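Asker: Below is the structure I would like to discuss, written out as structure tokens.
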Ligand SMILES: Nc1nc2c(ncn2[C@@H]2O[C@H](COP(=O)(O)OP(=O)(O)OP(=O)(O)O)[C@@H](O)[C@H]2O)c(=O)[nH]1
Ligand SMILES: Nc1ncnc2c1ncn2[C@@H]1O[C@H](COP(=O)(O)OP(=O)(O)CP(=O)(O)O)[C@@H](O)[C@H]1O
Ligand SMILES: COc1cc([C@@H]2c3cc4c(cc3[C@@H](O)[C@H]3COC(=O)[C@H]23)OCO4)cc(OC)c1O
Ligand SMILES: Nc1nc2c(ncn2[C@@H]2O[C@H](COP(=O)(O)OP(=O)(O)O)[C@@H](O)[C@H]2O)c(=O)[nH]1
Ligand SMILES: [Ca+2]
Ligand SMILES: [Mg+2]
Ligand SMILES: [Mg+2]
């Protein structure tokens, strides 16, 4: 019913119609997560190469 | 004028990026060699299209965009594609081996050895900006790169660009065009890590795009090309306000303002119409009322769900072509009395409308026919949560047996992150419930 | 070879349906959590409609309409009738009702309670049955859940011999095309004890539930009179037919209620399709005026009519979508 | 993403040589090593298996291994014998006498370092090595004993590279010696630990197919290898050619292997054909689908109805309606959903390649990670125990330094592998 905020230009136009009213981690922490996972990979690869050594 | 940088991650992001930037060039009359005749301000300017294109003294208009993929295959086709002259080498980053559909491999393993390079190449674009708004990130949920490396990137951008907004164009996984069985894992994992780092994310279910291409374009088996050229039209509709003169959604902050009241719930449902086949001999042009009425048909949504059994928090209508406010209001009035449209009690029941007199441009030789008027409705409805339910169920089925989990743990990830991510999704489904019912 | 699943074991109706399907040798039952199904006989609560219609190469069908609870819940039915222009407040076949929350439209209820008292006319209501508003509001707050207050029909039609009360149950089937099929066979769930007008405390002759009654089986077998006998009685005792005096109003109420919510639950252009069996409860006053009591979303059938009805469901609701290698229904056209 | 091929022993070299013979033709490569094709689809991903030399010569990235020169000499005089890099011919003189201990501990240990020098030389040329594929038998001594030895040492030097194998299982129907169950059980123990992907090529299946289906009264190793080279060409299709999806040995492992030890696949193929006998009638898509899933088409003597499919990968080759392929594949899963685990959603993926194999207008190759594979290992386990309970023929091994405990351990681990497959058959 109520049309408001009509803004016209050459490219087109825009408006708003109402029908009814109402009723972060740091760089440190990130580098810590990535390096922590890298250690786990290193540990796993070490256990393998140790197992293969046996 | 404020600039926007577009980041394309993974196969889906890159190939869609190709579809969008191709379309962008045709809409702005930019040629494959980057020359834009209509631009009389040679070597610079602060026009609306400069939001997406920077200019060189040689009169070339280059996309403010970066392409990244842990595999060189896909981007190599950009390097040798038709729009090869458009981008410059520093914008196209490629790795040696992909993430093998593994989130942990793309995030932790391979992500760690290239993240600093990407951010550096991104910083080189940001340095050419006078007032950077934020970033538009294109990627997939299923891919190892699309899911893994994206989340890592999104985390760093929130650190290096804390005041900047970040919008998402994400591809929701569909078995009809799947590339892995573990896509549900990658989807939950990347959503959880990215959620706090994304202001507004537009999900596109390939299932929805796939059936639209089959139903309306009469393509028996849609290729990625068929899917992308359609998605690019939707993306174009959403980003047109940032590239053209207007007063609605003129910047990235206005997206969150007009579509996202609650921060976590920042996944607006997109609905586009009309989709007509190019090789359809006889077509009767559809009216404003007809295309607008189709915005409430689930068969035209980017995600298949039922808005009737949910609640709206916001709703934007974005028209392109022969449309005037009078015909729009007349269409809304009619539709309101015929369809179920429930807004949450703490929001006004209304529609923010945007019109661009220039009708939707079509790729020459494409599958889409030229139309006199088109529309894209961006509605933040709680009904989109059906997609989360689907996905979280598929996740629970596999994880109960810890299937495929060893591949992720083997990359340095912890089995706990699976449950940590799934718990965040469980909370998300609840937030949708409280608001919806 | 089609496939289906069963997720409601307590369903006496669809326990028979699943039996009939397997007996065709063209339907194969799967496990509960098997997603690769053509048909779903879903549960009554938390039915996952969100996971339907997302299986490639599978046309999926379910035996429930999402959003149909708005018609099958007493608090919702009242709200639906009062807020829907199609039905409106002025509708003549639904008793005057109000929604009341425990400590809403309590103030509105008392405004009408005064006209009845300051008019010296019938002023009896139901949630228990009482003529005092204070006795009722004290009962609701003592229970806990949300209840509906409704005008009690003080002058009901009474069967003879016996001077008995009764209510009519009609079984309606709505298929995937939203065709409204009325089962030609209904049933009167009668009271065996004579209706007492003065004493509302005795709820054995006021309430006509098949469980409460179980003088059980004195007049007819199991306090259930079918349409052939009831039709004969009306002809002999009132010089009219079931079709004319009552069934037209029933067919009108049913058609009206479902046309109202059609745009809100129709699966015409959806990715999955729905059908559902409903059970409408009607009440007839001494002037042969039919009133709607409530709608059951998960109705049970009468023992005699299980075989015919259940077979009927398979024919028009299931086989219509999944065809295999005169009609017992009345199509309420619209 | 380059792949380094290795072929060890009599069997390994004969199926390996046949493999290069087949795919060389598919990629238009002649025995000389020169390209003479007509489609660019042949050369787009030919680098996965072939190294390029000056004058545009394509050399297989293959390493030929054996402890006796007998079989390798036959390869070098064979059809495509001249294509192989002569330096990649690494061989001994003593043989292994069908002894796992000889190939793994004594005779083979004396030659293994020479092989690894060639592996290293090829690997250093790779732009980005994705892994290795090995062809060998498990019933012999060299391919079984030294093959598993190589794998263990290749894993040590390339622990982040994929190890794939085409392992031929022994069968009394096609037997050389009675110690084949010993050699196999010892090898399976290794494969469970040091491979990501093993295609189980059961000779019992290959014999039954030749005898029952192809109506060959008395099949030879040549008849058996016609089926093998057809399977090998099929499964490697999406590695060798460009397409909708482009496969690699890692993405293969991730999506096919839900649990690390359960990585033993059932290959399948359709249409089944014998040598020489040409078929004139091309199979309809419904026929390719029905046959490739039939037990009569499985290269592993296992009844798939006695188990459940964990994962399935199907590749259709030839010009056909990819829509019809989709419908038929979906029809199978929907008709027999009980034989697919419900706790891995969408565990069947299909691909299509335009180029068909030689002699066929269209074909379909099957790769299934079924729990029914346990039938294979249970079979080997029974044949193993029958002799081991009396310590029969064990002196051949103890004479090479092995102890009875090592047999008991290998036996135990394979019986575990059986029980693990049984665990998820009733999930
Ligand atoms: N709509 C659309 N979806 C795509 C396209 N390419 C890939 N996808 C989807 O992306 C999902 C898998 O992610 P990919 O982008 O392919 O993989 P990735 O991001 O490169 O990550 P990697 O595993 O490292 O290769 C699948 O579900 C595909 O359906 C595309 O061009 N268009
Ligand atoms: N407003 C009213 N006026 C007259 N009788 C009423 C009435 N409201 C309810 N009744 C009498 O109500 C009895 C029981 O309530 P109702 O029939 O709604 O059962 P529930 O047990 O309330 C529904 P159902 O048993 O069919 O699942 C009705 O069958 C009838 O005997
Ligand atoms: C060369 O061998 C092949 C390998 C693959 C695998 C694969 C296997 C699956 C699966 C998904 C995927 C997917 O993630 C592929 C991407 O690329 C791959 O390698 C992967 O679900 C259950 O089984 C598929 C092939 O065709 C269908 C094939 O021929
Ligand atoms: N399919 C096939 N199997 C073979 C071939 N040659 C030997 N075998 C099998 O391999 C086992 C013998 O191993 P063999 O290859 O001779 O041992 P090796 O040469 O010392 O490694 C037996 O069980 C045979 O059935 C062959 O050419 N094809
Ligand atoms: Ca300019
Ligand atoms: Mg990729
Ligand atoms: Mg031999």
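Asker: If you count, for every residue in A:36-47, the Cβ atoms of partner chains within 10 Å of its Cβ, what is the mean?
Answerer: Per residue, the number of nearby Cβ atoms from other chains is 4 on average.
Asker: Something else about it: Quick check: Cα centre of the stretch D:185-255 to Cα centre of the stretch C:137-185, how many Å?
Answerer: The stretch D:185-255 and the stretch C:137-185 have Cα centres spaced 68 Å from each other.
Asker: Based only on the alpha carbon positions, what is the Kirkwood hydrodynamic radius of the protein assembly as shown, in angstrom? Write down the numbers at each step before the final one.
Answerer: Values: mean 1/r = 0.0287 Å⁻¹.
Final number for the Kirkwood radius of the protein assembly as shown is 34.8 Å.
Asker: Send over the semi-axes of the stretch D:60-168's equivalent ellipsoid, whole angstrom and largest first, taken as the square roots of 5 times the C-alpha gyration tensor eigenvalues.
Answerer: 21, 18, 12
Asker: Let me see the P(r) profile for the stretch B:1-268: every Cα-Cα distance counted, bins of 10 Å, each bin given as a percent of all pairs.
Answerer: 7, 31, 38, 20, 3, 0
Asker: Another question, then. Over all residues in C:53-62, what is the mean tally of Cβ atoms on other chains that come within 10 Å of each residue's Cβ?
Answerer: If you average over the peptide's residues, the count of other-chain Cβ atoms is 5.
Asker: Based on Cα positions only, what radius of gyration and what Dmax would you give for the stretch B:112-194, in angstroms?
Answerer: 14.0, 44
Asker: Just tell me how shielded B:234-244 is by partners: mean number of partner chain Cβ atoms within 10 Å of each residue's Cβ, no decimals. Mind dumping the intermediate values first?
Answerer: Numbers: counts 0, 0, 0, 0, 0, 0, 2, 2, 0, 0, 3.
The per-residue average across the peptide is 1.
Asker: Among DSSP beta bridges whose residues both lie in chain B, state the antiparallel percentage, nearest 5.
Answerer: If we restrict to bridges inside chain B, about 40 percent are antiparallel.
Asker: Take the Cα radius of gyration of the stretch C:96-154 and divide it by 2.2 N^0.38 Å, with N its residue count; two decimals is plenty.
Answerer: With N residues counted in the stretch C:96-154, Rg over 2.2 N^0.38 Å equals 1.04.
Asker: While we're here: By per-residue mean of other Cβ atoms within 10 Å, what is the highest-first order of A:11-18, D:409-416?
Answerer: Working: A:11-18: 19.8, D:409-416: 16.9.
Ranked from most to least packed, the peptides come out as A:11-18, D:409-416.
Asker: In a Debye calculation with equal point scatterers on the alpha-carbon sites of chain A and no solvent, what is log10 I(q)/I(0) at q = 0.18, 0.27, 0.28 Å⁻¹?
Answerer: The calculated log intensity ratios at q = 0.18, 0.27, 0.28 Å⁻¹ are -0.75, -0.99, -1.00.
Asker: Mean separation of Cα pairs under 8 Å and 6+ residues apart, divided by the residue count of the stretch B:46-116: what relative contact order is that in percent?
Answerer: 26 percent
Asker: Looking at the calculated P(r) for the stretch C:1-63, what percent of the C-alpha pair distances fall above 15 Å? Mind dumping the intermediate values first?
Answerer: Details: 923 of 1953 pairs.
Counting pairs separated by more than 15 Å, the tail of P(r) holds 47 percent.
Asker: Below 8 Å, C-alpha to C-alpha, sequence gap of six or more: please give me the relative contact order for the stretch D:1-258 in percent.
Answerer: 22 percent
Asker: At 37 °C and 0.692 mPa s, what whole-number value in µm²/s does Stokes-Einstein give for the translational diffusion of the stretch D:373-427, with Rh from the Kirkwood sum over Cα pairs? Spell out each step's value before the answer.
Answerer: Details: Rh = 12.3 Å.
Stokes-Einstein gives a translational diffusion coefficient of 267 µm²/s.
Asker: Return a whole-number percent for the relative contact order of the stretch D:259-372, with Cα pairs under 8 Å and 6 or more residues apart as the contact set.
Answerer: Values: 188 pairs, mean separation 50.0, N = 114.
It comes to 44 percent, rounded to a whole number.
Asker: A further question on this structure: For every helix of n ≥ 4 consecutive DSSP H residues, a contribution of -39,500 (n - 2.57) applies; sum these over the protein assembly as shown, divide by its total residues, and give [θ] at 222 nm rounded to the nearest 500 deg cm²/dmol.
Answerer: Result for the protein assembly as shown: -10500 deg cm²/dmol, rounded to the nearest 500.
Asker: Largest first and in whole Å, give the semi-axes of the stretch D:128-253's equivalent ellipsoid, each being the square root of 5 times a Cα gyration tensor eigenvalue.
Answerer: The answer is 27, 21, 9 Å, longest axis first.
Asker: Kindly state, to the nearest 0.05, the FRET efficiency for residue A:35 paired with residue B:90, given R0 = 30 Å and r defined as their beta-carbon distance.
Answerer: After rounding, the FRET efficiency stands at 0.60.
Asker: Continuing with this model, one more query. Rg(Cα) of chain D divided by 2.2 N^0.38 Å?
Answerer: For chain D, the normalised Cα radius of gyration is 0.93.
Asker: When only alpha-carbon atoms are used, what values of Rg and Dmax, in angstrom, describe the stretch B:269-383?
Answerer: Rg and Dmax of the stretch B:269-383, Cα atoms, are 14.5, 48 Å.
Asker: What's the ranking of B:243-255, B:46-58 by average number of surrounding C-beta atoms within 10 Å, highest first? Kindly include the intermediate steps, with their values, before the conclusion.
Answerer: On the way: B:243-255: 19.4, B:46-58: 17.5.
Result, highest mean Cβ count within 10 Å first: B:243-255, B:46-58.
Asker: Additional query: May I ask you to sort A:43, B:357 by Cβ crowding, counting other Cβ atoms within 10 Å and putting the fewest first?
Answerer: Working: A:43 11, B:357 17.
With the fewest neighbours first, A:43, B:357 line up as A:43, B:357.
Asker: If neighbour count is taken as other Cβ atoms inside 10 Å, put C:219, D:424 in order from fewest to most.
Answerer: So the residues, fewest neighbours to most, are C:219, D:424.
Asker: How do the peptides B:177-186, D:41-50 rank, highest first, by the average count of neighbouring beta carbon atoms within 10 Å per residue? Could you put the intermediate results ahead of the total?
Answerer: Details: B:177-186: 24.2, D:41-50: 19.1.
Order by mean packing, descending: B:177-186, D:41-50.
Asker: Still on this structure, I have one more. Å³ per residue of the Cα convex hull, for the stretch C:19-144?
Answerer: So the per-residue hull volume is 204 Å³.
Asker: State the volume of the convex hull built on the alpha-carbon positions of the stretch D:187-294, expressed per residue in Å³ and rounded to an integer.
Answerer: 143 Å³
Asker: Oh, and also: On the Cα set of chain C, report Rg and Dmax in Å, please.
Answerer: Taking only Cα atoms of chain C, I get Rg and Dmax of 21.4, 68 Å.
Asker: Arrange the following residues from fewest to most other Cβ atoms within 10 Å of their Cβ: C:291, D:20, B:346. Don't skip to the answer; put the middle values down first.
Answerer: Values: C:291 19, D:20 25, B:346 10.
The fewest-first ordering by Cβ neighbours comes to B:346, C:291, D:20.
Asker: Output needed for the stretch B:384-437: three equivalent-ellipsoid semi-axes, defined as square roots of 5 times the C-alpha gyration tensor eigenvalues, in descending order, whole Å.
Answerer: Semi-axes (√(5λ), whole Å): 25, 12, 7.
A short reminder: the numbers here are calculations on the coordinates, not readings from a lab. Note that we place each Cβ from the backbone using ideal geometry, even for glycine, and neighbour counts take in every protein chain shown.
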